Amino acid sequence: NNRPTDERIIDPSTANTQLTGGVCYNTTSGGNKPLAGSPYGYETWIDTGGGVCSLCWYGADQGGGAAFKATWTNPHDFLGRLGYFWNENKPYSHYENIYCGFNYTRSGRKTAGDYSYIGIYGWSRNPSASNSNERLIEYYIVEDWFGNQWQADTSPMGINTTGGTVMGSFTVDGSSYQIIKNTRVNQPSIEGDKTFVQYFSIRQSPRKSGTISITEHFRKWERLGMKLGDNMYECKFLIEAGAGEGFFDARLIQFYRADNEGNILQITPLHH
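- Looking at the method and resolution fields of the entry, one finds X-ray crystallography and 1.6500 Å.

Here's what the structure looks like:
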């Protein structure tokens, strides 16, 4: 593939103007909810047994179209996410070359509990997999996290946080990523409580701005035998906080998709 060079792509490294005027959601959404005037949808998971959480979308016309701010006050595994919702019986390759340009600020080390994740997230279904455990996939491309009492937020998380097995690694978008496969045994999922697999790419050098070549991760996982199947559910930008009191505030979240030649097939947002 040729890296896309289109003038609509916002340079992440200098996309650092604070956004205002969000539309905020304070409760669990019960799945994907489409956003007004936008190709994207959001999802919130906010436990009523924890404290106040919110996700505020910055709208269709600024910050690349998918930017949001999230806050949590002593959550129990807050997840706020926003981006592509698919679920139309297609494998990842149907969506061509997927990218996400991003720039955010966040609260510091130890403001999000013992585990936390920032990056790209979703699910995929693979019903024809011979191993029943691999028929449902939850996936993460982890650009950053909040560390914890024991480990700096500048140090990449490993299998003591994610669980599972290091499968390999590769280098893309300026860092090595460690690839991890984990099995979740009888755990909540988009298909009810069951056994399913998780795929992780962990950025070895955490960062708060840049471009994620999402498709490159999908390709690498499949080469290692971590198959995604033929029904991709979604592809969204996530903040997940196990606990703590913190925030995440994006100045840019811009998804776009291109052909192999580097022509833009989809970008947001849609004279001087």
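**Some words on the overall build of the chain**
Inference 1: Looking only at helices and strands, the chain features 2 helices and 17 strands.
Inference 2: Expected size for 272 residues packed as a compact globule is a radius of gyration near 19 Å; at 17 Å, the chain falls within 12% of this value.
Inference 3: If one aligns the C-alpha atoms of the chain with their principal axes, the spans along those axes are about 55 × 45 × 35 Å.
Inference 4: Out of the 272 residues in the chain, the part that is buried amounts to 55%.
Inference 5: Of the roughly 11,600 Å² that the chain leaves accessible, carbon and sulfur atoms contribute 45%.
Inference 6: One finds the centroid of the 24 positive side-chain charges in the chain at a distance of 3 Å from the centroid of its 27 negative side-chain charges.

**Structural notes on the packing of aromatic side chains**
Inference 1: According to the stated counting rule, one finds 27 aromatic pairs in the structure shown.
Inference 2: A centroid spacing of 5.9 Å and a plane angle of 20 degrees characterise the contact between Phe102 and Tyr104, whose relative ring orientation is stacked.
Inference 3: Its relative accessible area of 3% is what places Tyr104 among the buried residues.
Inference 4: Where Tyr140 meets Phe200, the ring centres are 5.0 Å apart and the plane angle is 15 degrees; that geometry is what we call stacked. Here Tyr140 is found in strand β9 (residues 136–144), whereas its partner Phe200 is found in strand β12 (residues 194–203), with 60 residues between them in sequence.
Inference 5: By relative accessible area, which is 1% here, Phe200 ends up buried.

**Digging into helix α2 (residues 214–223)**
Inference 1: Taken together, the buried positions of α2 are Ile214, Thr215, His217, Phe218, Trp221 and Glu222. When α2 is viewed along its axis, its buried side chains cluster within an angular range of 155 degrees and face the same direction.
Inference 2: A positive backbone phi angle near 85 degrees is found at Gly225, which sits one or two residues after α2.

**Brief notes about the pairing of strand β7 (residues 97–106)**
Inference 1: Of all 10 residues making up β7, 9 are buried, and the element is well covered by its neighbours.
Inference 2: Where β7 meets strand β16 (residues 245–258), 10 bridges bridge the pair, whose relative direction is antiparallel. Following the sheet pairing, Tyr99 is matched in β16 by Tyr256.
Inference 3: Note: β7 against strand β13 (residues 209–213), 5 bridges, orientation antiparallel. Within β13, the position partnered with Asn103 by the bridge is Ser209.

**A closer look at the nonpolar core**
Inference 1: Of all hydrophobic cores here, the largest spans 52 residues; its most connected members are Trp72, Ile120, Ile214, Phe237, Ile239, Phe248 and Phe255.
Inference 2: Within the second largest apolar cluster, 15 residues are counted, among which are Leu79, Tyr117, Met157 and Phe196.

**Quick look at unusual backbone geometry**
Inference 1: Residue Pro269 is bonded to the preceding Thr268 through a cis peptide linkage, with omega at 0 degrees.
Inference 2: A positive phi angle is found at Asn89, which is not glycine, with a value near 65 degrees.
Inference 3: Its place among the elements puts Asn89 in the loop between β6 (78–85) and β7.
Inference 4: Its identity as a non-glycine residue notwithstanding, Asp173 has a phi of 55 degrees, on the positive side.

**What to know about the pairing of strand β10 (residues 165–172)**
Inference 1: Of the strand pairs in this sheet, β10 and strand β11 (residues 175–187) are connected by 7 bridges, and their pairing is antiparallel. The residue of β11 that forms the bridge with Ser169 is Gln178.
Inference 2: The hairpin formed by β10 and β11 contains 2 residues between the paired strands, and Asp173 there has a positive phi angle of roughly 55 degrees.

**Observations regarding the pattern of salt bridges**
Inference 1: What the rule picks out here adds up to 14 salt bridges.
Inference 2: A salt bridge links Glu143 to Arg207, with the shortest nitrogen-to-oxygen separation between them at 2.7 Å. Pair noted here: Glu143 is in strand β9 and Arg207 is in the loop between β12 and β13, with a separation of 64 residues, a long-range link. Each member of the pair, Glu143 as well as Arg207, carries the same accessibility label: buried.

**Some points on the side chain of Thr44**
Inference 1: Within the secondary structure, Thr44 is located in strand β3 (residues 41–45).
Inference 2: When its relative accessible area of 0% is taken as the criterion, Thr44 is described as buried.
Inference 3: For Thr44, the side chain forms a polar contact with the main-chain oxygen of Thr27, separated by 2.7 Å.
Inference 4: If sequence neighbours within four positions are ignored, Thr44 has contacts with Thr27, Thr28, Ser29, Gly30, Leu55 and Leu79.

Parameters and conventions
Residues numbered from 1 in each chain as written, not as in the entry; some residues may be left out. Heavy atoms only, no water. Helix = DSSP H or I, 4+ residues; strand = E, 2+ residues; numbered from the N terminus. Rg over C-alpha atoms; globule rule 2.2 N^0.38 Å. Buried < 20%, exposed > 50% of the residue type's maximum accessible area, 1.4 Å probe, protein only. Areas by Shrake-Rupley, 256 points an atom, 1.4 Å probe, with all protein chains shown as cover. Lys, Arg positive; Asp, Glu negative; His and termini not counted. Charge placed at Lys NZ, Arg CZ, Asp CG, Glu CD. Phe/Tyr/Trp six-rings, centres within 6.5 Å; stacked < 30°, edge-to-face > 60°. Arc of directions from axis to C-beta. Pairing = 2+ DSSP bridges. Core = buried A, V, L, I, M, F, W, Y, C linked by side-chain atoms within 4.5 Å. Salt bridge = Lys/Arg side-chain N within 4 Å of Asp/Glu carboxyl O. Polar contact = N/O pair within 3.5 Å; in protein donor to acceptor, adjacent residues only side chain to side chain. Contact = heavy atoms within 4.5 Å.

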